[PDB]
file my_file-v4.txt (compact mmCIF, C-alpha atoms)
# COMPACT_ATOMS: atom_id res chain seq x y z
CA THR A 4 0.00 0.00 0.00
CA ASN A 5 1.06 3.53 -0.88
CA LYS A 6 1.48 5.65 2.27
CA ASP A 7 1.11 9.12 0.78
CA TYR A 8 -1.91 9.71 3.03
CA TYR A 9 0.60 9.76 5.90
CA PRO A 10 1.40 13.22 7.30
CA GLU A 11 4.32 14.57 5.27
CA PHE A 12 7.45 13.59 7.18
CA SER A 13 10.83 15.30 7.26
CA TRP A 14 14.07 14.81 9.17
CA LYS A 15 15.06 18.46 8.72
CA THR A 16 14.47 19.08 12.44
CA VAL A 17 13.21 16.75 15.18
CA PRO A 18 9.88 15.36 13.85
CA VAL A 19 7.19 16.46 16.28
CA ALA A 20 3.45 15.96 16.54
CA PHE A 21 0.70 17.46 18.67
CA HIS A 22 -1.87 15.68 20.82
CA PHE A 23 -4.17 17.93 22.83
CA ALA A 24 -7.55 19.48 23.47
CA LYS A 25 -8.16 23.15 24.17
CA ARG A 26 -10.92 22.78 26.73
CA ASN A 27 -12.86 26.09 26.47
CA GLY A 28 -12.90 26.94 22.78
CA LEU A 29 -11.22 26.69 19.44
CA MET A 30 -7.62 27.67 18.82
CA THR A 31 -6.70 31.28 18.22
CA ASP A 32 -5.09 32.35 14.94
CA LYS A 33 -1.73 32.51 16.64
CA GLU A 34 -2.19 29.13 18.35
CA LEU A 35 -3.20 27.81 14.94
CA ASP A 36 -0.09 29.41 13.41
CA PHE A 37 2.19 27.83 16.03
CA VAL A 38 0.84 24.30 15.58
CA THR A 39 0.67 24.30 11.79
CA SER A 40 4.13 25.80 11.36
CA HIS A 41 5.65 23.20 13.71
CA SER A 42 4.01 19.91 12.66
CA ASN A 43 1.89 18.16 10.04
CA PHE A 44 0.40 15.72 12.57
CA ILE A 45 -2.20 16.77 15.16
CA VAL A 46 -4.46 14.58 17.27
CA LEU A 47 -7.34 16.56 18.77
CA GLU A 48 -8.42 15.15 22.13
CA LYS A 49 -11.79 14.57 23.74
CA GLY A 50 -13.27 17.91 24.80
CA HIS A 51 -11.54 20.12 22.22
CA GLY A 52 -13.53 23.26 21.52
CA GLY A 53 -15.51 23.32 24.75
CA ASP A 54 -19.28 23.56 24.88
CA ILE A 55 -19.76 22.97 21.14
CA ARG A 56 -18.80 19.32 22.06
CA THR A 57 -15.96 17.31 20.56
CA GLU A 58 -17.31 16.31 17.15
CA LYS A 59 -18.06 19.88 16.11
CA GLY A 60 -15.00 21.23 17.87
CA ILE A 61 -12.69 18.85 16.05
CA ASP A 62 -14.50 19.20 12.72
CA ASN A 63 -14.24 22.99 12.97
CA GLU A 64 -10.61 22.98 14.07
CA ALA A 65 -9.63 20.52 11.34
CA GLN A 66 -11.03 23.01 8.81
CA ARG A 67 -9.11 25.86 10.41
CA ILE A 68 -5.89 23.84 10.48
CA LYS A 69 -5.97 22.64 6.90
CA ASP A 70 -7.03 26.07 5.68
CA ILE A 71 -3.66 27.25 6.99
CA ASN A 72 -1.65 24.10 6.22
CA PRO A 73 -3.34 21.62 3.86
CA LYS A 74 -0.53 19.13 4.63
CA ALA A 75 -1.46 18.74 8.31
CA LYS A 76 -3.32 15.56 9.24
CA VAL A 77 -5.94 16.18 11.94
CA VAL A 78 -7.02 13.07 13.83
CA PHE A 79 -10.34 12.64 15.64
CA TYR A 80 -9.86 11.18 19.13
CA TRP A 81 -12.44 8.46 19.78
CA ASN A 82 -11.88 6.16 22.75
CA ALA A 83 -12.34 2.53 21.82
CA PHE A 84 -13.39 1.46 25.34
CA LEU A 85 -14.69 4.44 27.35
CA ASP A 86 -17.85 6.58 27.18
CA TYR A 87 -16.84 10.17 27.95
CA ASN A 88 -19.51 12.86 28.33
CA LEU A 89 -17.81 15.26 25.94
CA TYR A 90 -19.47 14.26 22.64
CA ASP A 91 -22.85 14.54 21.02
CA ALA A 92 -22.34 10.79 20.59
CA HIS A 93 -22.49 10.39 24.36
CA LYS A 94 -26.14 11.48 24.40
CA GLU A 95 -26.91 8.74 21.90
CA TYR A 96 -25.01 6.11 23.89
CA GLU A 97 -27.07 7.04 26.96
CA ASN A 98 -30.16 6.17 24.88
CA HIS A 99 -28.77 2.71 24.07
CA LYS A 100 -28.73 0.82 27.41
CA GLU A 101 -29.24 -2.37 25.40
CA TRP A 102 -25.57 -2.18 24.35
CA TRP A 103 -24.11 -1.40 27.77
CA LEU A 104 -21.46 -3.75 29.13
CA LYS A 105 -22.43 -5.69 32.25
CA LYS A 106 -20.16 -7.45 34.74
CA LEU A 107 -20.58 -10.97 36.17
CA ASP A 108 -22.50 -9.56 39.14
CA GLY A 109 -25.05 -8.11 36.70
CA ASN A 110 -24.01 -4.54 37.41
CA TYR A 111 -23.19 -2.29 34.49
CA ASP A 112 -19.45 -1.95 33.91
CA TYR A 113 -18.26 1.53 34.86
CA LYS A 114 -14.67 2.71 34.92
CA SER A 115 -15.79 5.64 37.07
CA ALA A 116 -19.02 7.33 38.12
CA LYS A 117 -19.54 9.00 34.75
CA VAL A 118 -17.60 6.72 32.39
CA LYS A 119 -18.98 3.41 31.20
CA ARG A 120 -16.79 0.87 29.46
CA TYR A 121 -17.99 -0.41 26.08
CA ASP A 122 -19.00 -3.98 25.24
CA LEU A 123 -16.69 -4.53 22.28
CA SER A 124 -18.19 -8.01 21.87
CA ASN A 125 -21.55 -6.38 21.08
CA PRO A 126 -21.69 -5.88 17.28
CA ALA A 127 -24.59 -3.43 17.58
CA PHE A 128 -22.42 -1.21 19.75
CA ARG A 129 -19.52 -1.64 17.34
CA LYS A 130 -21.52 -0.57 14.27
CA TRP A 131 -22.59 2.53 16.20
CA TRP A 132 -19.09 3.29 17.49
CA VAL A 133 -17.71 2.95 13.95
CA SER A 134 -20.43 5.22 12.56
CA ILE A 135 -19.25 8.03 14.85
CA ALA A 136 -15.69 7.77 13.55
CA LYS A 137 -16.99 7.44 10.00
CA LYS A 138 -19.08 10.61 10.24
CA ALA A 139 -16.12 12.54 11.73
CA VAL A 140 -13.64 11.24 9.13
CA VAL A 141 -15.52 10.34 5.94
CA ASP A 142 -18.18 13.06 6.20
CA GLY A 143 -16.08 15.54 8.15
CA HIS A 144 -12.78 17.38 8.05
CA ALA A 145 -10.86 14.90 10.22
CA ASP A 146 -8.26 12.80 8.38
CA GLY A 147 -8.27 9.85 10.75
CA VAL A 148 -9.26 8.44 14.11
CA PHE A 149 -7.25 7.88 17.31
CA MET A 150 -8.45 4.64 18.93
CA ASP A 151 -7.53 4.88 22.59
CA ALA A 152 -7.52 2.60 25.63
CA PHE A 153 -6.57 -0.76 24.07
CA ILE A 154 -4.38 -1.38 27.11
CA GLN A 155 -7.35 -1.19 29.43
CA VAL A 156 -9.30 -3.52 27.13
CA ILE A 157 -6.69 -6.25 27.19
CA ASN A 158 -6.05 -5.87 30.98
CA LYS A 159 -6.28 -9.36 32.43
CA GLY A 160 -7.95 -7.98 35.55
CA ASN A 161 -11.08 -7.76 33.39
CA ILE A 162 -11.37 -11.55 33.47
CA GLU A 163 -12.49 -11.33 37.09
CA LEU A 164 -15.20 -8.84 36.08
CA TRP A 165 -16.41 -10.51 32.86
CA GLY A 166 -15.43 -14.17 32.95
CA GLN A 167 -13.10 -15.78 30.43
CA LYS A 168 -15.67 -16.36 27.66
CA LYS A 169 -16.79 -12.73 27.67
CA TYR A 170 -13.21 -11.48 28.03
CA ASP A 171 -12.16 -13.47 24.97
CA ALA A 172 -15.15 -12.22 22.98
CA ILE A 173 -14.27 -8.65 23.87
CA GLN A 174 -10.63 -9.08 22.80
CA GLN A 175 -11.88 -10.45 19.48
CA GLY A 176 -14.39 -7.60 19.42
CA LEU A 177 -11.55 -5.09 19.61
CA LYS A 178 -9.87 -6.71 16.60
CA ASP A 179 -13.13 -6.55 14.65
CA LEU A 180 -13.76 -2.95 15.72
CA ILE A 181 -10.47 -1.96 14.11
CA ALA A 182 -11.25 -3.94 10.95
CA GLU A 183 -14.72 -2.42 10.77
CA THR A 184 -13.27 1.05 11.34
CA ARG A 185 -10.88 0.58 8.41
CA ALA A 186 -13.76 -0.75 6.32
CA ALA A 187 -15.87 2.33 7.06
CA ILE A 188 -13.26 5.06 6.68
CA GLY A 189 -11.47 3.60 3.66
CA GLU A 190 -7.84 3.34 2.66
CA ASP A 191 -6.81 7.02 2.65
CA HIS A 192 -7.59 7.87 6.28
CA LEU A 193 -5.41 7.31 9.31
CA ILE A 194 -5.99 4.96 12.21
CA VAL A 195 -3.81 5.73 15.23
CA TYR A 196 -3.94 3.38 18.21
CA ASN A 197 -2.66 3.60 21.74
CA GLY A 198 -1.05 0.36 22.54
CA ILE A 199 2.72 0.06 23.01
CA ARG A 200 3.28 -0.21 26.74
CA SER A 201 6.38 -1.67 28.33
CA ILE A 202 5.82 -2.84 31.91
CA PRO A 203 8.20 -5.52 33.21
CA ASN A 204 6.81 -9.04 32.62
CA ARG A 205 3.69 -7.52 31.03
CA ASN A 206 4.93 -5.94 27.78
CA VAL A 207 2.43 -4.96 25.12
CA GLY A 208 3.83 -4.17 21.69
CA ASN A 209 2.55 -3.26 18.25
CA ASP A 210 -0.05 -5.95 18.70
CA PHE A 211 -2.78 -4.54 16.42
CA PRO A 212 -0.69 -3.93 13.27
CA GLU A 213 -3.27 -4.98 10.70
CA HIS A 214 -5.45 -2.10 9.46
CA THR A 215 -3.65 0.49 11.59
CA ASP A 216 -1.18 3.13 10.44
CA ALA A 217 0.18 4.58 13.67
CA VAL A 218 0.96 3.38 17.15
CA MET A 219 1.63 5.36 20.24
CA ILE A 220 4.10 4.85 23.01
CA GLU A 221 2.32 6.83 25.67
CA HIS A 222 4.32 6.18 28.80
CA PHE A 223 7.98 6.57 27.85
CA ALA A 224 10.13 6.69 30.99
CA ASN A 225 7.05 7.43 33.12
CA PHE A 226 4.22 5.82 35.11
CA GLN A 227 4.89 2.04 35.27
CA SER A 228 7.47 2.26 32.44
CA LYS A 229 10.37 3.99 34.26
CA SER A 230 12.69 0.95 34.34
CA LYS A 231 15.64 0.67 31.97
CA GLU A 232 14.11 -2.65 30.89
CA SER A 233 10.90 -0.85 29.98
CA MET A 234 12.52 2.13 28.30
CA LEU A 235 14.70 -0.15 26.20
CA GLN A 236 11.71 -2.17 25.03
CA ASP A 237 9.75 1.02 24.30
CA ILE A 238 12.60 2.35 22.16
CA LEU A 239 13.08 -1.02 20.46
CA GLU A 240 9.35 -1.19 19.77
CA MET A 241 9.48 2.23 18.08
CA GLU A 242 12.29 0.99 15.86
CA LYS A 243 10.47 -2.24 15.07
CA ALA A 244 7.11 -0.63 14.32
CA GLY A 245 8.79 2.11 12.27
CA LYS A 246 10.66 -0.47 10.17
CA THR A 247 7.33 -2.14 9.34
CA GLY A 248 6.14 1.19 7.96
CA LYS A 249 4.08 2.40 10.91
CA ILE A 250 3.87 5.91 12.16
CA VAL A 251 5.11 5.91 15.75
CA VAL A 252 4.05 8.53 18.28
CA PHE A 253 6.64 8.61 21.05
CA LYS A 254 5.01 10.46 23.96
CA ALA A 255 7.65 11.84 26.34
CA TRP A 256 7.45 13.54 29.71
CA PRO A 257 9.49 16.13 31.62
CA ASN A 258 11.29 13.91 34.15
CA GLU A 259 8.21 11.87 35.11
CA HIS A 260 6.06 14.98 35.80
CA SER A 261 2.59 15.12 34.28
CA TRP A 262 -0.91 16.50 34.70
CA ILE A 263 -1.58 13.91 37.43
CA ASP A 264 1.53 15.12 39.29
CA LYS A 265 -0.31 17.44 41.66
CA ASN A 266 2.89 18.88 43.17
CA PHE A 267 4.29 19.62 39.70
CA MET A 268 1.05 21.10 38.41
CA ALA A 269 1.00 23.31 41.51
CA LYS A 270 4.20 25.06 40.41
CA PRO A 271 3.88 28.29 38.40
CA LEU A 272 4.23 28.00 34.64
CA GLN A 273 7.67 29.61 34.70
CA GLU A 274 9.02 26.83 36.93
CA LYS A 275 7.22 24.08 34.98
CA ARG A 276 8.88 25.55 31.89
CA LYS A 277 12.31 25.65 33.57
CA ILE A 278 11.95 21.99 34.50
CA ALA A 279 10.75 20.93 31.05
CA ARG A 280 13.58 22.76 29.27
CA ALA A 281 16.13 21.16 31.59
CA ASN A 282 14.82 17.62 31.11
CA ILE A 283 14.24 17.30 27.36
CA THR A 284 17.64 15.81 26.56
CA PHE A 285 17.08 12.28 27.85
CA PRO A 286 13.65 11.63 26.25
CA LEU A 287 14.75 13.42 23.09
CA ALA A 288 17.88 11.27 22.83
CA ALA A 289 15.82 8.15 23.50
CA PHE A 290 13.46 9.17 20.72
CA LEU A 291 16.30 9.90 18.31
CA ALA A 292 18.05 6.64 19.22
CA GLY A 293 15.17 4.58 17.87
CA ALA A 294 13.30 6.98 15.61
CA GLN A 295 12.42 5.82 12.10
CA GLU A 296 10.75 7.45 9.14
CA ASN A 297 7.30 8.57 10.38
CA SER A 298 8.30 8.62 14.07
CA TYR A 299 7.12 11.66 16.02
CA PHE A 300 8.28 13.25 19.27
CA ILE A 301 5.64 14.66 21.64
CA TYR A 302 7.09 16.37 24.71
CA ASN A 303 4.78 18.10 27.21
CA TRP A 304 3.12 17.29 30.53
CA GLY A 305 -0.37 16.33 29.41
CA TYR A 306 -3.19 16.41 26.91
CA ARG A 307 -4.68 19.82 27.50
CA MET A 308 -3.25 22.40 25.17
CA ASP A 309 -2.18 24.33 28.26
CA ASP A 310 -0.36 21.23 29.57
CA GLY A 311 2.82 22.48 27.89
CA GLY A 312 1.32 21.71 24.50
CA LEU A 313 2.41 24.90 22.77
CA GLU A 314 5.80 25.13 24.48
CA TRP A 315 8.87 25.02 22.26
CA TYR A 316 12.49 24.14 22.90
CA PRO A 317 15.77 25.05 21.15
CA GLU A 318 16.54 21.36 20.59
CA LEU A 319 13.47 21.18 18.35
CA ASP A 320 14.86 23.83 15.97
CA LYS A 321 18.35 22.41 15.45
CA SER A 322 19.29 20.72 12.21
CA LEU A 323 18.99 16.95 12.43
CA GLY A 324 18.94 15.51 8.93
CA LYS A 325 18.56 11.92 7.87
CA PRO A 326 19.68 9.04 10.08
CA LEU A 327 23.00 7.64 8.86
CA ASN A 328 22.85 4.26 10.62
CA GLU A 329 20.59 1.97 12.62
CA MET A 330 20.27 2.22 16.37
CA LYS A 331 23.19 0.56 18.11
CA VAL A 332 22.75 -1.19 21.46
CA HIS A 333 25.77 -1.81 23.72
CA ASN A 334 24.19 -3.10 26.93
CA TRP A 335 22.19 -0.14 28.32
CA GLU A 336 23.88 2.40 26.02
CA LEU A 337 22.10 3.35 22.82
CA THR A 338 23.60 5.38 19.98
CA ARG A 339 22.44 6.71 16.62
CA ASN A 340 24.02 8.95 13.97
CA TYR A 341 22.23 11.56 11.89
CA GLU A 342 23.56 13.94 9.23
CA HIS A 343 23.78 16.79 11.74
CA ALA A 344 23.64 15.04 15.12
CA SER A 345 25.10 12.18 17.15
CA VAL A 346 22.93 10.63 19.87
CA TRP A 347 24.08 8.72 22.95
CA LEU A 348 22.20 7.71 26.06
CA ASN A 349 22.61 5.31 28.99
CA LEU A 350 19.34 3.76 30.13
CA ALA A 351 20.92 2.49 33.36
CA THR A 352 21.89 6.01 34.49
CA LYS A 353 19.26 8.10 32.65
CA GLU A 354 22.04 10.19 31.11
CA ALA A 355 22.09 11.43 27.55
CA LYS A 356 24.22 13.53 25.24
CA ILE A 357 23.24 14.91 21.85
CA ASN A 358 26.14 16.30 19.83
CA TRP A 359 24.44 18.68 17.40
CA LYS A 360 26.68 19.44 14.41
call {"tool": "encode", "arguments": {"input": "my_file-v4.txt", "output": "structure tokens"}}
result
Amino acid sequence: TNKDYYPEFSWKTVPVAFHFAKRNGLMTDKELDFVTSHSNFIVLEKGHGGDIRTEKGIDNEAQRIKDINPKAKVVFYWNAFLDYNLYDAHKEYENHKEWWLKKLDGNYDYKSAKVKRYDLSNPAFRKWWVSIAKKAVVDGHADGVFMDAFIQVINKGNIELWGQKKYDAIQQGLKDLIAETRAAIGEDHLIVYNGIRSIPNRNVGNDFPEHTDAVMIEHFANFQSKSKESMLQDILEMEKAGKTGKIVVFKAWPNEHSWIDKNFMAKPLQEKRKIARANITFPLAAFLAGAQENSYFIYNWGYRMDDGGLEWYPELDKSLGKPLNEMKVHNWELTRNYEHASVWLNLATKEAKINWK
């Protein structure tokens, strides 16, 4: 398959993407200018646009983005497992109790008070779920869909809640959901999925490669993936997925801080920014160690636009150029050479050096 419907990729500087929602309205002209001048790849999150609800917010923003930069690919976030009350589609799902997932005790399956989990083994739900993506992407200005939460679907804790037969049907239902999504949106639209997660003895890789174009590594060097074991596998998985022709979204964090780091989010923006600027080198070097064509670096502390989403860093303006070799692994040390940069990092010590040329 020809991949020209991918976002146009270049090694000229560090390839970056965006993944956020602006929670109270659409982007300003200058916010629009910043994003479109810095990347061709933007995932718009649940809740983007505010009260207009996500479908209209994302459809409107996608127009605004591609009016400025027709090369940008704007992806419609649509959780594969969770019912968030931020869409027009949520009102419809509330009217469809007959699809709702139930647990072994007969209670409806809720992740939290306001968030039901979907019965992926229910084909009536699936046809509806797919129709929402199809309307956003085929009949709207979005170029693709971001299927989130696969990790929570496959979680083996769910066997206790569903039983093995239902758990197996739901895992198969996730596979079919992706196939049906591809069927509905056609061959020229993107499917991004959130799945690579390295947790010791529990690794999840690029395990839904058929029908998908892009895979995200959400937890690099953070959450339960802080171990050198886990960061190595994450980086290796980027390399592997990239070599198969996938887009890889490598989501990085400022020294393990994030929007659920209450102490860090308490700091004033100037300090948050000082910390983020000081801590980009190790995740950036990890990214560059394993990056392939169509690999993208996302570095911020969350998924709101204000979560560092429009911050910029000098490292992201320097000349990089094409990779000159494959990643090299010497125990916990990883190296890579580019036309205008040499990358080295030590996963055991969390130290990194980028020699920009």
call {"tool": "atom_distance", "arguments": {"input": "my_file-v4.txt", "atom1": "CA of residue 263 (chain A)", "atom2": "CA of residue 317 (chain A)"}}
result
26.3 Å
call {"tool": "closest_residue", "arguments": {"input": "my_file-v4.txt", "among": "A:352, A:174, A:298, A:42", "to": "residue 243 (chain A)", "atoms": "all atoms listed in the file"}}
result
A:298
call {"tool": "atom_distance", "arguments": {"input": "my_file-v4.txt", "atom1": "CA of residue 41 (chain A)", "atom2": "CA of residue 19 (chain A)"}}
result
7.4 Å
call {"tool": "closest_residue", "arguments": {"input": "my_file-v4.txt", "among": "A:105, A:220, A:275, A:58", "to": "residue 208 (chain A)", "atoms": "only C-alpha atoms"}}
result
A:220
call {"tool": "closest_residue", "arguments": {"input": "my_file-v4.txt", "among": "A:193, A:128, A:161, A:106", "to": "residue 140 (chain A)", "atoms": "all atoms listed in the file"}}
result
A:193
call {"tool": "residues_around", "arguments": {"input": "my_file-v4.txt", "residues": "residue 331 (chain A)", "least_positions_apart": "2", "cutoff": "10 Å", "atoms": "all atoms listed in the file", "output": "PyMOL selection string"}}
result
chain A and resi 292-293+328-329+333-334+336-340+347
call {"tool": "residues_around", "arguments": {"input": "my_file-v4.txt", "residues": "region 32-40 of chain A", "least_positions_apart": "3", "cutoff": "7 Å", "atoms": "all atoms listed in the file", "output": "list in words"}}
result
residues 43, 68, 72 and 75 of chain A
